[PDB]
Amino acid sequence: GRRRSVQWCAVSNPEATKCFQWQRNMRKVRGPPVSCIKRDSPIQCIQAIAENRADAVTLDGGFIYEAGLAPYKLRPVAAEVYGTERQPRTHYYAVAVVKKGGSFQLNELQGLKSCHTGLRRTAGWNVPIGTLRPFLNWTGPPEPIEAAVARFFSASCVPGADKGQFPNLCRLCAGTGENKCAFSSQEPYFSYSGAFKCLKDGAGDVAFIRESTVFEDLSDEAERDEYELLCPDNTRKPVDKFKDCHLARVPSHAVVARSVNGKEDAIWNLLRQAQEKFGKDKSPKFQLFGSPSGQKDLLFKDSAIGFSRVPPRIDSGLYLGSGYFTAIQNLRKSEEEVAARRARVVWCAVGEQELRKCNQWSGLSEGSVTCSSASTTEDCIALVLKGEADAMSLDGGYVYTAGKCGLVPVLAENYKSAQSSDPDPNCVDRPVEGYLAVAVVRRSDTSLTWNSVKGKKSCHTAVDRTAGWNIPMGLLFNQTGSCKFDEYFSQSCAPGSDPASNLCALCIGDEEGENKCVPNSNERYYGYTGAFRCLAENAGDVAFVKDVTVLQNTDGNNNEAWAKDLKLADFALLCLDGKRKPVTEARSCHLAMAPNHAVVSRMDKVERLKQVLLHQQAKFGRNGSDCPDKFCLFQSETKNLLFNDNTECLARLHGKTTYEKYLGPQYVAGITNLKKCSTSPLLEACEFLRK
């Protein structure tokens, strides 16, 4: 009775005239309120937003990019949905439409005339120009890419272009006066329908719009027949074959809002009702997805079917997709700065200590490796998704999440074998054998068995790692089907959980006592070395780690203060049969076999990644040319920074090149079951981007 409104930002008069009826019917039916704001452009609307004079606006992919840049930092909150109620989709295709009768393919457009939807729009600009780049002889900056297309076509209509500098880009626009080639409806050849009309009138030879335009604007089925599409493989096809002939599959326009004090429920509360009441044939009083007779797409795309909420972890970069997002950024770069970026491998580092090591490695790589960093593994996977980082080594737990996200395993960390190989010259081709997940306890604790571990104090590598969480919690879950994971044990140190939770009561933080329960190396109780440490310092009663962990931190194998004096004979293993065994019989006393930490990446980087890695280990490997004279890839002494200190080499996958194949049927069924108790913001973001 004081959240007075969700201030919509309008970009024209008709828009505002559309947004007011909107408001008139909203309160008429007692729906949530919405007041209108006026401006003259998408850019003006982005700015009104960033500075609280409006709350939301639906933009095209091209302006989502721009709205997401600092100093604006808007976020897409709701996606338009297209198709029909039975096959809704939150994506569309950018096609290149032509008239039947000619015989020019997509590689033969130089000197033709073109119609575009507007400067910087997905289908009318970003997509067609990026596809065409090979043909433009562009020199890269500072010469604007606009200049290169202006020499490309004889004439065009590119609403918003600078008439000034690029008269050619404005030649075919139909506006009258200063309206000629403006970025609004005053310009008849603006947007999907203006671009399509520029083609129809015989003003341009190709139109760069969306797959529906031809169907929306040509009523009668036979009129459409006068049209064809230019496919990327230099073939023409019927207009309805868009699926097999499009220049790109793109994210749907979306409503953006502020990242910080955005008013996200108000917006969604409003949209949700509006769709219901005034959606696709619901009210002859007012139509949310339709325009008065002289207009097109006021406020929203005509013939959209509703909205789809965008999960909170999503930002512009993630919304656009690595392909699209990077393609946009590549419009402002030379072909040389772009090829240099394709050749280079950017590593994602989890914590300062991994960054430091990565920096070290960076300088010795003769320009092949660079560093990016984040404070959680999840944040690094997000960075690889935005194309902003390319790779990292991951626990099988995280390869699940990464694979759900469409990433792929490329090389695996190889460890000593079932005692085959000696100081193995064929370690890159020696198939991986899994590591053993164990439950360790102090020998003194005579009474501690698997059977009575529950309710005790536990130490975990981190939430969602194989040895440290999936295996122990999975086995336990399987006995009571309870999802109340913070009740399995009285207290714990399970990094990456809520620090206000039981699950974090034993974490001790970094050397100063900050960073408690964070899922990176600043928490002294993190990972393998840290969950072991949690045991040896008597914080916990059981540590869920791997068997070589104990070997490595006892018998003067780790001189660090806390470790110095630990003897193997003091720790024992819990077997699933009730028994306890010495650490050396882990092979007959373990919880499960865990898939090897694997390095993951985007599909586009696989083959270049493979080569940099092979090359780099040949030199900084276990038995490598510069280790230890200068740098050792695989050593950080007990720290397990970037890779596990016991990696012999990075070996080949043998065909298992998908998270499913790599991890195994059984592993994947299990996590999948656990995940049902709770998913992360990240898995929610990726389900959304995958439909």
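Just count from 1 along the sequence shown to find any residue number.
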Between 555-563 and 323-331, the record assigns the higher mean Cα B factor to 555-563
Avg C-alpha B-factor, entry values, 50-58 vs 642-650, higher side is 50-58
Top Cα B-factor in this entry, restricted to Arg236, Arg465, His253, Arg121, sits on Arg236
Listed options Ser184, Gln491, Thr139, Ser375: highest C-alpha B factor recorded at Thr139
Here the Cα B-factor of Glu352, set against its chain, lands in the third termed middle
In terms of its chain's C-alpha B-factors, the third that includes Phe286 is the highest
Among the modelled residues of its chain, the C-alpha B-factor of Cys36 falls in the third labelled highest
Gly83: CA temperature factor from the record, placed by chain third, in the highest
Chain thirds by Cα B factor, record data; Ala418 belongs to the highest
